[PDB]
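Listed next as structure tokens: two forms of one protein chain, kept apart as structure 1 and structure 2.
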Structure 1
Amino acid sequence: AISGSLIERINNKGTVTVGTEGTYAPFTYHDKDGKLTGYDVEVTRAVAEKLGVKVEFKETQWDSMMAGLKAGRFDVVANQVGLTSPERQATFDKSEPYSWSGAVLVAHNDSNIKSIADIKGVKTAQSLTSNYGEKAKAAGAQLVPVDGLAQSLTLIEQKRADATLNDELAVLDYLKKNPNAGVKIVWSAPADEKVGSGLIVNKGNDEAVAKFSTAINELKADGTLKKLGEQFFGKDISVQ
């Protein structure tokens, strides 16, 4: 490509592009002054400094994200992604994880929905191509497409959908901000089966992955991930 390979740009101190939503607190969002921040964004900035590269974030709709990575929209995705499908496993590589977390199911207060087993045939608001959307599909839910978590919760609040799967920490963050929303966590995925999210690249970039993982390991060792997890979640979620 016109850009040179990713490892060339890492080793030669060029520019790396990163896909992220910018609409998913506390991972990747804009603060009250319009600054792009969130755990994944700040981790990525710290990685870029360790590698001596310029970083540019390409804000992207979730349902365009992994397609975008595959089509060259950006070099890397930083957006709470693990290789959670056989397809992702066949197509992409993931750095050392920077965080571990897992899913929960949200329903309206006073719902009869108690489990991922209870969503067959139920209106379940999701981004279609997320791990959550694909799992809702596998569970036999009737999916209602949306642009992510905040809109899915709007639908449940308004009784326009009945459930959603999403990340525990994103849901808890939302409930801190919206403490009488009318929704609740009704089910949790197993705490010992968390997903490790890392920087995602196309296969064929092994050396670049090693550089990302080395940086992430140093940010763990020097306490940066602990600090950033404190800031965004109130706990360090980088170890497992």
Structure 2
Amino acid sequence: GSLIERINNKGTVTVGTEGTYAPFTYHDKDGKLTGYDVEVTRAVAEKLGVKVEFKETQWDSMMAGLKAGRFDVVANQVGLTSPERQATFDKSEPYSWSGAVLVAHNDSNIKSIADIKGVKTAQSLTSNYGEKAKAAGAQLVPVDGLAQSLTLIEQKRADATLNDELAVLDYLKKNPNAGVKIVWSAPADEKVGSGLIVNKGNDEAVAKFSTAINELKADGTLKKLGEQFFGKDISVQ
């Protein structure tokens, strides 16, 4: 039947997801499809009493796939920030929130984006966080990426780096040796929220997904899933 009918009649919902992007949607070492985004969707499905089937495809196919009706829903860290994409898709209540954070040495007293004006700040010169550092008046120290940026902070050849909350938390959880720490996080209004994406004209279906999401937010489940994949609740804006 239609999506809302299948949701209401304990039917089957199809979800597009990449399966090649840890810790969001990936194959664990036994082969199981898991990750933050897959596990949220499994718990949402369980709230609505619906069965879920994941359809694994790469990003560019995922979206055309959704629009073309190859699945009902897409789950893949999609914030849908572009006004142009908002005219073609609807997004549920977000089940996770990410934004810029500031990382410095364990010995550091930096606190804000103001504290790095003129400071040595490790970034890739052509990355979106490079532009942010340079805009904030930082002295850029060139690296290729996150691991190299923290190596430099460890060696004291840079004092700070700007990057994404969830990339950083994922790195610090796998590398607890770090010796570095988040000293600032963008406030709520600077954060981007990821949600289940569906085609236009499914308002009743989205409301249900949102409602299930909020249910999972309040009964503790999203907090359990954030702690498992990131060491933190990532469900709060």
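Only residues modelled in both forms are compared. All residue numbers here refer to structure 1's sequence, counted from 1. So that the term is clear: the rigid core is the largest set of C-alpha atoms that superpose within 1.5 Å between two forms.
Core-superposed comparison between structure 1 and structure 2: the CA of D118 exceeds or equals a 2 Å shift.
The Cα shift for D31 between structure 1 and structure 2, taken after rigid core superposition, is smaller than 2 angstroms. Two rigid parts make up the chain, and between structure 1 and structure 2 the smaller of them rotates against the larger by 61 degrees on C-alpha superposition. We note a C-alpha movement of 3.4 Å at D173 between structure 1 and structure 2, with the rigid core held in register. Taking the core as the fixed frame between structure 1 and structure 2, we note the C-alpha of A163 moving 18.3 angstrom. Once the two forms are overlaid on the core, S197 shows a Cα shift of 0.3 Å between structure 1 and structure 2. Residue range 102-192 is the only run of 3 or more whose C-alphas all shift by 2 angstroms or more between structure 1 and structure 2 once the rigid core is superposed.
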